[PDB]
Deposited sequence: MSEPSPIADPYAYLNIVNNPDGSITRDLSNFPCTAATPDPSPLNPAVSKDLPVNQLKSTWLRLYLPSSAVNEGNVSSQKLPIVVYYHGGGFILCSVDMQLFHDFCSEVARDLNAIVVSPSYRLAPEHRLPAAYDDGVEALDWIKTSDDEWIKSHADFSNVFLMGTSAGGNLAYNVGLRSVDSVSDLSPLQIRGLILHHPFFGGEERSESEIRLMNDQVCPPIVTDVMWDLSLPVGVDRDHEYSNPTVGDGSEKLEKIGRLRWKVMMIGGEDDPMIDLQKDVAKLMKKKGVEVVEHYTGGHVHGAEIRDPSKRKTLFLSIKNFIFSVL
């Protein structure tokens, strides 16, 4: 059982409210714009916001270099760790582009505690503003603006959900982008009281509650606890934006693993969405730990096939 969450996360507390991250465990890799048989996608980097130092990586199936659906992908890491150019996420997004036959837009976002929530959400929203006005040749030649999906893994799935909530009152300004769906891949949600699955899976070795407590403590706004809507979408009666999501027919795909301590809350978020009139496609798998398909590439294909079916289903 994980005894020390900070050592598990490879972080140290710093006397100004920051943390020191040991990056050596997660190597980064560069974009590769020229097609290569070793690379499932071509990729390139573009800046978004100079003040925030935010940017994004574009991915295109090697074959593309007949417009493709736009999958905006937000990476995971508890809102406190990890980057777009981490090999782990770069390889995943490249295979997403190839196997969905999609253009994948993977935006960076600022990390907590240096930039607590809702900073990441603001950055996730700004990435859509960027797509809408981009003159980039890959966007202009290959991106189907009518078929936008907001995707994310773990914290990125929480991020994608909250970008969806923030876009619902903004749909006029999103044009010529049209959002069709949200794809929530093991989204990072937690509450104050332990859920049934957090108790049952208390000794998880991937993302146990002792570790997520730390991540929420570092990323939530100063002064709030885990029953805030940022971490727990079910508090009260959920957002008053879910019914609108349902009326606009944005579909939501909720992907969860049954050995993830987060699973009870993830399933209850899907229930709430359905009660609010959202069309929810649920994809739950026994024996899968948090981030299963990130850590095990041999699980990716059937996930990608289900996502492709979801995308075609709109």
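According to the record, C-alpha coordinates are lacking for deposited residues 1-5, 71-77, 327.
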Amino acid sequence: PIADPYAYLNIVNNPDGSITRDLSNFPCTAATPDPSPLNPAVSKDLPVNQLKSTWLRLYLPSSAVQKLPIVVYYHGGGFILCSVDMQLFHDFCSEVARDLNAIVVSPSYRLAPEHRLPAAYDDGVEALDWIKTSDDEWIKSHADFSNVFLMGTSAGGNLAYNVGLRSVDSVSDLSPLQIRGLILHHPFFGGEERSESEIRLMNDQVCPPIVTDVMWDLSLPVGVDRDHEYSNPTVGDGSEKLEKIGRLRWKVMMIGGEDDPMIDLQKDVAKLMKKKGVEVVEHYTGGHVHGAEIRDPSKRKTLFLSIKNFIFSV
From here on, numbers count along this sequence of modelled residues.
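Two stretches are in play, 167-175 and 136-144, and the higher mean C-alpha B-factor belongs to 167-175. Comparing the deposited coordinates for 295-303 and 7-15, the stretch with the larger average C-alpha B-factor is 7-15. Each of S239, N158, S197, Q87 has a CA temperature factor in the record; the biggest one is found at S239. Remark: of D45, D268, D34, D260, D34 shows the highest value [criterion: C-alpha B-factor in the PDB entry]. Split the chain's modelled residues into thirds by C-alpha temperature factor. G191 is in the middle one. The deposited CA B-factor of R98 belongs to the middle third of values across its chain. For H185, the recorded CA temperature factor ranks within the lowest third of the chain's modelled residues. The PDB entry assigns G124 a C-alpha temperature factor belonging to the lowest third of its chain's modelled residues. Looking at the C-alpha B-factors along this chain, the one for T29 belongs to the highest third.
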